[PDB]
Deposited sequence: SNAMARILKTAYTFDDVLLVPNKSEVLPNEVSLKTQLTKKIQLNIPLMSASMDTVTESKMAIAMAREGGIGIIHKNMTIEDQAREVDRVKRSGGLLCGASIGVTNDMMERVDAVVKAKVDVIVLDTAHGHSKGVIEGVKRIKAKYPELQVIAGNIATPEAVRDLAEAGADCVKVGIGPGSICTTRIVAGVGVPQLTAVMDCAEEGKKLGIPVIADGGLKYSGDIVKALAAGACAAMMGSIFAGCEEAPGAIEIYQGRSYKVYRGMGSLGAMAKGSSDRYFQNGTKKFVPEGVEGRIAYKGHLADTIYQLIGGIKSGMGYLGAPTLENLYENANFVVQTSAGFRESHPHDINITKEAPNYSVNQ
């Protein structure tokens, strides 16, 4: 038993500005999710039963990103949901697969529906089940793009690449709704996790996704600058009109339900998530607009016209909790709504 290092989350770090010749409106946000799949913006909606069904997946795709359709539904329903996305004009669609007895049956149905990428997503991606699962899928569908997760170490990146994964998803315990670190003791602060895993993925030619723990548009800039090809979000999208669930009103405020897929409610037991509510945000398009503007602003400050040189030119400093207080607005009574800050 040894203590390796201090590991950082997004709130621990800030990016140092670079000499720039590019204005935010001039930068480009295209990214390769896999070698075969390009996205116009590097944003993905989480594969959760309170975040992404076909309604969300279609809107994400029209905005330039992609939704991963959750697997808490019949194989038949999930193929139906993937098919609904694909027939809505050649939109990209993903679907979640689990390490289950019917894994291949479910894969078979979503490929029949022409899914563009599957996510073999589990609480612990660095495992015999996932590794063998990836190898079976690629042995039957060599061309099927496969994201495998979730992981938090460079050894996991190497092992899953070696299995045939086309992309790996990073994130153990940083989710807004996640208790894995509290109930199991396990996880890696997400900025260090993405940085160390992306470094290994660059050496092997495999992209990594930064999944969970993102709250503000500036957090996405950090995750991309740390080397992720894309950022996955549940909380930021669960309050949008296109996520599942009705709008509930209470004391003049509107809400949507959001819960971990390891929460008691979603599994219906020793849960690794919680259940609750988040503010209703309106249409996804308004949220995406603010995320993309802040990302383009950060790339302007970093002198990055596109996303590759962003990682190469990224220098972080660590801030203390007093630095964090300086970074947020302070010593002001904010009386007006800001569209990208709360």
Checklist entry - Unmodelled stretches of the deposited sequence, numbered from 1? => result 1-4, 273-286, 361-363
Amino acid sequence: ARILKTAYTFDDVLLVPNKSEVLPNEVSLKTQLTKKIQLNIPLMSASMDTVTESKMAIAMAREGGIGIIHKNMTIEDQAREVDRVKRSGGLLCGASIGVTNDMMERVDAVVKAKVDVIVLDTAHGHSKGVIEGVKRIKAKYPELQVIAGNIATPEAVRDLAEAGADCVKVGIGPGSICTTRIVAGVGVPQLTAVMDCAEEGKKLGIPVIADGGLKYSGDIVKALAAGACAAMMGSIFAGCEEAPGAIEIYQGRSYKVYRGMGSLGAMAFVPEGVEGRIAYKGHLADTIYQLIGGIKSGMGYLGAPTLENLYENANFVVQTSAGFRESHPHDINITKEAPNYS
From here on, numbers count along this sequence of modelled residues.
Checklist entry - Of 9-17 and 330-338, which one has the bigger average CA B-factor? => result 330-338
Checklist outcome for this item: Comparing mean C-alpha B factor in the record for 190-198 and 250-258, the higher one is 250-258
Checklist outcome for this item: From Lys135, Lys215, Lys222, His126, the top C-alpha temperature factor is at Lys135
Item to check | Top Cα B factor in the deposited entry, candidates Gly234, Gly90, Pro154, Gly171 | outcome: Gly90
Next on the checklist: By the recorded C-alpha temperature factor, relative to the other modelled residues in its chain, which third is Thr287 in?
Outcome noted: middle
Next on the checklist: When the deposited Cα B-factors of this chain's modelled residues are ordered and cut into thirds, is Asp211 in the lowest, the middle or the highest one?
Outcome noted: lowest
Item to check | Lowest, middle or highest third - CA B-factor, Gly293 | outcome: middle
Checklist outcome for this item: Sorting the chain's modelled residues by C-alpha B-factor and splitting them into thirds places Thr306 in the highest
Checklist outcome for this item: Assert third(CA B-factor, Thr50) within chain per record equals middle
